[PDB]
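Two forms, one protein chain; structure tokens for each follow separately as structure 1 and structure 2.
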Structure 1
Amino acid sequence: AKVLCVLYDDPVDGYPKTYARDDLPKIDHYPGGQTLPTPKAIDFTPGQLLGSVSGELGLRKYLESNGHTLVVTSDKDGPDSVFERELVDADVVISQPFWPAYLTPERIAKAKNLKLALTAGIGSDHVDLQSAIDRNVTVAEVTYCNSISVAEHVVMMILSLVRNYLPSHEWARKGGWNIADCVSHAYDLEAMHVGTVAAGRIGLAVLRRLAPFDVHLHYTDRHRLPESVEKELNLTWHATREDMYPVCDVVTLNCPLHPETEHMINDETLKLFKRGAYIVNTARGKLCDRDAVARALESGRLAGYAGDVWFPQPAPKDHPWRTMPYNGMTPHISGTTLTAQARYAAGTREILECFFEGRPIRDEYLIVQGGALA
């Protein structure tokens, strides 16, 4: 079979030869008890850079030793790219949400061999699902592979905004001391109201990590969590996002982007927020009106905004969120720590083994069953 794998470029100073550490923590399951990926083997050392071009998700030896073709490229955009040229006869396409190779109706129609669209990562925002369905293309994701990674990024970001860490660090880095300039915008998180929009794998992991900070936890979602969960975390439920915002010191967005959630954070909804609110958004950039957030921070409606997600993406050089005051942004990276990569490289391989060997692919992985078993 032909496998077409899109990955992001190596580091600008080359693919690493050494790493900061020698191994990764051992984990057997995800919270709720979903098992970590189970491929028959892996051909990498966990902790290696796998999601960049030279890493190849550690797939090459496995696929080639099995008679397959693997083409890896970062060149994915527009009709002349290596991706689109190689797509025409690829059986399997793989990319990460961090460098997604979009499978539009057009591209799918051109993909005459396409049997599987694998997300090395979580989700399928880059794949046209109806089109996949109309061609019996299996769409699979490595469910849960980086839900925890993102939740940690979220909590890191919340603390850092509230405590004014990034300007404080700049004072240090630049030869300053300047205690008052550091702390005239710095608070403790303790006993603030923090709310999450959605309590899925990410948002729940976030809530659990926030709890011993002694914050008041709020959430809203399509449906409530079990009562036992709401009770162990002392959660306050809100039927709507709009109901939740006004009481929150911090709001974190851990929800899907939909027609209906687009620009859900905009100039008018931002008035529902408490003055000096903080927003963390590792969900989707377009959940927020880009200039509406920039305005709220110039105004002081918001005392902080952070995330790793942007519109559009990659963020152009001049995106206002790079430089707006009290921002704590990163490029789109939370679910691509080396740790997460090791998991999703393993699950990507697990899925391909099942797919090629005619074994069922985990139900939790399947978004669209094509001609795969489940």
Structure 2
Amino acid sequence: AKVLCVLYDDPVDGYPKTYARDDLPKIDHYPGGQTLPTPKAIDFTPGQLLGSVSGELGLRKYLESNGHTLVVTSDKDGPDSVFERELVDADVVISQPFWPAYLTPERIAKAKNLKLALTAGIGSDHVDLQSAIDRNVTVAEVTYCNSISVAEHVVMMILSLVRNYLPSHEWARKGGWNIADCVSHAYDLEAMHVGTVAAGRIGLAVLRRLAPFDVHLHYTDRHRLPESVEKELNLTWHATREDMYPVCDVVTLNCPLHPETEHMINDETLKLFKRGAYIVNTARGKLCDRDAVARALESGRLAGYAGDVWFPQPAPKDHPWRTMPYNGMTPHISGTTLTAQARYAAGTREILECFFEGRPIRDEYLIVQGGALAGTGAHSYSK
């Protein structure tokens, strides 16, 4: 089979020779009991840079040893990219959400041998699910691999916005002190109302981490949590996302991108937010109407916006989120820390082994299979 794997470039100064530390912390399983990936073997050492072109997700030996072809490229956008040229006869397409090879309807029609589109991370919205269902393409992703890594990134961003960290670091770096200039836009998080749109793997990890900060917790989801869990975390349930907005100081988005959530944050829904509210979005860029968010920071409606996800990716040089007022943006990296890479590289291999060996792909990993949504796809998406 031909495996076409789209990865990001290596660091500008080359593939790293050394790393900052010698080992990675050890984790046994994910919260709730799902086990870490179970490939028969791995050809890398956890901690190495695996999502860049030279890392190849540690898959070359395994594939070539089994008679497959592995094509690795970072050139993915447009009609003349290596990705589009190589796609026509690829049997398996792999890309990461951080540097995604978008599988539009037009690209899936041209990919005449396509049988599996694998996401090396979580979030398969860069793949047209309906064309995959119509073409019988299996769509799978590495469920839970970086859900905790993103939760950490959310808490970090929330505190950063509220405490005015970014601008204050600039003053230090530039030779100032200027305490008043740093703190006239700075508050403590303590006792603020924080709401999450979805309480899935990421959303629930965020809520647990925020609990000791003594904030008031709110949530909404397609799937309401058991009352006993709501009681344990002191959560207030909201049946709709619009009912939640008005009472929150901070809103964090942790739902997938699908037809029901696309453009949920827009000029109309932004009017439901209190003046000086904060939005953190590490889920997907398209959950927000781009210009409406910028207009809300320019007008003082929002006191801050931070996230690591944008639309499209890579974001254009001039994307307005890069420079709008009080932004705490990063390029898409929360789910691609070196720790996380080791887990999804291992799960990408487990899924390929199953797939080539004719064994079932875990259900938790499936998004689309055999002409319909399946497993996590049925739980969390909509076509």
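Reference numbering: structure 1, starting with residue 1. Superpose the two forms; the largest set of C-alphas matching within 1.5 Å is the rigid core.
Core-superposed comparison between the two structures: among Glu152, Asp125, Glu230, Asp134, the single residue whose C-alpha moves by 2 Å or more is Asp134. Relative to the superposed core, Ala211 shifts its CA atom by less than 2 Å between the two structures. Once both forms are overlaid on the rigid core, the distance between the two CA positions of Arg173 between the two structures is under 2 angstroms. Annotation for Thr261: C-alpha shift of 2 angstroms or more between the two structures, rigid core superposed.
In the core-aligned comparison between the two structures, the Cα atom of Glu106 sits 2.2 Å away from its counterpart.
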